[PDB]
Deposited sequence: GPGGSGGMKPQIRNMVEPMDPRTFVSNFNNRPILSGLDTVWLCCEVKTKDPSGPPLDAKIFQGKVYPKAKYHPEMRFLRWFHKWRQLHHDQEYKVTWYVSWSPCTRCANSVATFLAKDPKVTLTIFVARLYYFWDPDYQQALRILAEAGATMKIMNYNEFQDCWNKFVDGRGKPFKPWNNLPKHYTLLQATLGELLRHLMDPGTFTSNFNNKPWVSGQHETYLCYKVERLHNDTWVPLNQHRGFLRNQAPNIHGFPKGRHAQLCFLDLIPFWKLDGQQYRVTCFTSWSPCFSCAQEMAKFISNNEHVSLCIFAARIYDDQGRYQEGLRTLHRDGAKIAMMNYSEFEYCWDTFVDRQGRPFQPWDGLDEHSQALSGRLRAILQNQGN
């Protein structure tokens, strides 16, 4: 019935925009064919729609955001239930739309999203590989469109007047390239050089102008925090990573999120993490900072506010460094080798942080 429910796109526009030659400078257009289904797969689609947009700035007007708005207005017209949404989108999401879809997925337990992309947008760019990793960890299922999916979206969203789908040359080769690229950038771990040069806890002299953040999640069963291998991650910063962890898909009740950040939070990061832990009673937050970040301003009140709201704040020592080497770094079997005076420096940093967080005088 999808044909009834959509107003189809021209065969030429489909062939033009879903051609999956990986590099395609000239396509300023995104097309997003979406279908909405119930929990069980035998059921027919409740609705479907085609969205269009441009790749260039003002992302509010990107088809992903248009879908989010349309879907928000659509769910209010139907009894509340669990939905499975499938996308056939000609370009992979941008950084901002990845963030927005990830927030939406992490805060909604009743929505499942599968995204089939024809081409990866900016697969060479570390920000976008991170964007796809964020989307995947929020719970979206990222895939490359293969022959079957082009056939399906020809049949369902294109005015293929009885016409069968006829592939262009090199469709499977482009799929091979794109699916290898997506698989690797999804399974990517931190580089050893950037780990040891960003988590090094000696006084700043060089570099380190970015924040690096590893995180693990555990949940509570029988008063013992059992780990959840499936939702570890690491992020690079120049809002709030806790808005991207789906605290609902992890087996229920309560959670503890352990955080290893190369720099201690600046003021607004502390404010946002405090607001989150205050609006989400079921989550405990543990922070481990390699270094204290002095933003010349309100960082101290930020850390104190974060501490008063239940977060535990400490500095990384040997075991946290080794843990993040083993877990989040592409170590290649090589073991963690600490820099000189790591323990010394971390004890001094612990002293400054304790002075910072100290409330009552002795």
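Numbered from the first deposited residue, the unresolved ranges run 1-10, 249-262.
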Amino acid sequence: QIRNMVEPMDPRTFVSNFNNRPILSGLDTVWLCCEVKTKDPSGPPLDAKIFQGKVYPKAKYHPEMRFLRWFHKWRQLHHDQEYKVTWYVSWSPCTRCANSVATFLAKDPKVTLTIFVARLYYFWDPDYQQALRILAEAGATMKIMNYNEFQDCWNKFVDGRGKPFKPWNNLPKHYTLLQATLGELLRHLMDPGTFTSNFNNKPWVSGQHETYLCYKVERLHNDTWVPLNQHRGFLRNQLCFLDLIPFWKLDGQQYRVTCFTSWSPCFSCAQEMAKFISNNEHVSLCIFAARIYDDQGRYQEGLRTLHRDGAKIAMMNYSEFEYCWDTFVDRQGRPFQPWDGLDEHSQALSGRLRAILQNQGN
From here on, numbers count along this sequence of modelled residues.
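In this entry, 252-260 has the higher mean Cα B-factor, the comparison being between 252-260 and 118-126.
When the two stretches 329-337 and 30-38 are set side by side, the higher mean Cα temperature factor goes to 329-337. Of all the options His188, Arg96, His231, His174, the entry's greatest CA B-factor is assigned to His231. Listed residues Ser90, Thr196, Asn237, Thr112 were ranked by CA B-factor as deposited; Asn237 comes out on top. The entry lists a Cα temperature factor for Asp294 that places it in the highest third of the chain's modelled residues. When all modelled residues of the chain are sorted by CA temperature factor, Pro22 is found within the middle third. When the modelled residues of the chain are ordered by C-alpha B-factor, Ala131 sits in the lowest third. Looking at the C-alpha B-factors along this chain, the one for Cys214 belongs to the middle third. In the PDB entry, a CA B factor belonging to the highest third of its chain's modelled residues is recorded for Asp159.
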